[PDB]
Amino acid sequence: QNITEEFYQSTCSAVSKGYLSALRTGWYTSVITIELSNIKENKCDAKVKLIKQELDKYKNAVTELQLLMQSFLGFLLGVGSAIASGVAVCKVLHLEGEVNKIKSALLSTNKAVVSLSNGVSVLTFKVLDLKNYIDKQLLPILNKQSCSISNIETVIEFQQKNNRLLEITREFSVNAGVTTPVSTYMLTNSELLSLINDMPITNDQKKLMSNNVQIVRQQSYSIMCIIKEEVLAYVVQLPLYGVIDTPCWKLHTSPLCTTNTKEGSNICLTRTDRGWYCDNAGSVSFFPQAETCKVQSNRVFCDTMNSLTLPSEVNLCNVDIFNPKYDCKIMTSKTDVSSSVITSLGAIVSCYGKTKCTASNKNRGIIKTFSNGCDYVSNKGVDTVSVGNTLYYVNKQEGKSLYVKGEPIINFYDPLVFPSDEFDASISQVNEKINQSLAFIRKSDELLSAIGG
């Protein structure tokens, strides 16, 4: 609805605002079941041969599931165990009587909340029943007609009912029993919508999940669990969006280098704090790898596992990078290569050396030839940006962008004492190394004065 962008010429960075949060903060685990016929040996025509081949497909899938059952700042992030919750629920299902308990609860209803032996109550869902189809609809037909089908529709009906089980088996077979995104075979759209509708979450959360079922699938896992007592069970671990509708901003950064003609005489700094930022419980959830988040219109879906919890003062780096409340993260170097960062509403261009950097229009061609340094163009009137031999299309989302003029902060650094190979550096750390270099010169020149006598 209302996306805005600000470019900071002094720090070669841009911020996009107007986004609303949808953050995965927890997990909800449901048990999905399929009823299976316990068939072993058949007592058997072209139509019967097709049924027996379909029965072999069914038997091999059951067998295969049984064997399957037993047998910049991303470096600062912690390490999670993504499916620890669903795997814990699955371990409980192996305990004596747990499967029979679910089989009894789902006897006449397709959905039921079941309390496991550990006190946890889970939503259980039966999505397919091949036990009643094979045992009470297919096998009695083969007996009353003494190995004759007659109706070809019987073959097609079994093929259609069996197909889902074969696809689920195929998926778990190539993914070692763990799949993500959760496919339509694991949970159809109506089953997922039905699951969200019964989840112990708010109406705003149900509305969000129901309107973004495709993002929910991407942020979910399906874990192959157990196959016993005529039951195939798998755990679908669904996201819990505990943080919704809080403001988010995306910070885009690009190298800021001096533009002196003398080769090997330039210095660079880059803001390393690029990423997604969302307000959350009085702090800011920072997602360094913005590519991990997913954007649907003005909504940003991020996962807290890919976040750092920072004080809201981190935003002051977008107001004044030399502020005293928060030590802004930067990296230093002497690598003045040319590149561009395509933002939400425009393009940051870092043009150095002899590189040809331009911004173009589909009707008029080149409309701007960038000069050396870090500049920006909005997507209004611009369709593409070219930096050397690389052409970038800009995003065409409607918004308002503001160019905040200012002298490149790299100009206020003495190149003689610049710490030019810092990566996990900050404004204060760079200043502390500069102070050490200046103090070592101060003490040397103090001795050269004292030695003059």
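We number the residues from 1 along the sequence you see.
A.B. asks: When the other PDB entries of this protein are compared, is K405 left blank in at least a third of them?
C.D. replies: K405: modelled in every other compared entry.
A.B. asks: Is it true that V394 goes unbuilt in a third or more of the other compared entries of this protein?
C.D. replies: No, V394 has coordinates in all the other entries compared.
A.B. asks: Which class describes the count of deposited residues lacking coordinates between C44 and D45: none, 1 to 3, 4 to 9, or 10 or more?
C.D. replies: Unresolved stretch here: 1 to 3 residues.
A.B. asks: Please figure out whether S71 and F72 are truly consecutive in the deposited sequence or have unmodelled residues between them, and give none, 1 to 3, 4 to 9, or 10 or more.
C.D. replies: Gap between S71 and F72: 10 or more unmodelled residues.
A.B. asks: Mean CA B-factor: is it higher for 435-443 or for 15-23?
C.D. replies: Comparing averages over the C-alpha atoms only gives 435-443.
A.B. asks: Quick check: 238-246 versus 146-154, which has the larger average CA B-factor in the record?
C.D. replies: According to the entry, 146-154 carries the higher average C-alpha B-factor.
A.B. asks: Which has the highest CA B-factor per the PDB entry: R217, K329, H252, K111?
C.D. replies: If I rank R217, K329, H252, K111 by C-alpha B-factor, first place goes to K111.
A.B. asks: Reading the B-factor column of the entry, which of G86, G119, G177, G78 has the highest value at its C-alpha atom?
C.D. replies: That would be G119, according to the entry.
A.B. asks: Ranked by Cα temperature factor within the chain, is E96 in the lowest third, the middle third or the highest third?
C.D. replies: According to the entry, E96 has a C-alpha B-factor in the chain's highest third.
A.B. asks: Going by what the PDB entry lists, where does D273 fall on CA B-factor within its chain: lowest, middle or highest third?
C.D. replies: Tercile = lowest for this residue's CA B-factor.
A.B. asks: Taking the values exactly as deposited, rank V62 by C-alpha B-factor within its chain and report the matching third: lowest, middle or highest.
C.D. replies: CA B-factor rank for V62: middle third.
A.B. asks: Taking the C-alpha B-factors as the PDB entry records them, is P408 in the lowest, middle or highest third of its chain?
C.D. replies: CA B-factor rank for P408: lowest third.
A.B. asks: Select lowest, middle or highest to describe the third in which the CA B-factor of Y393 falls within its chain in this entry.
C.D. replies: Lowest third, going by the recorded CA B-factors of the chain.
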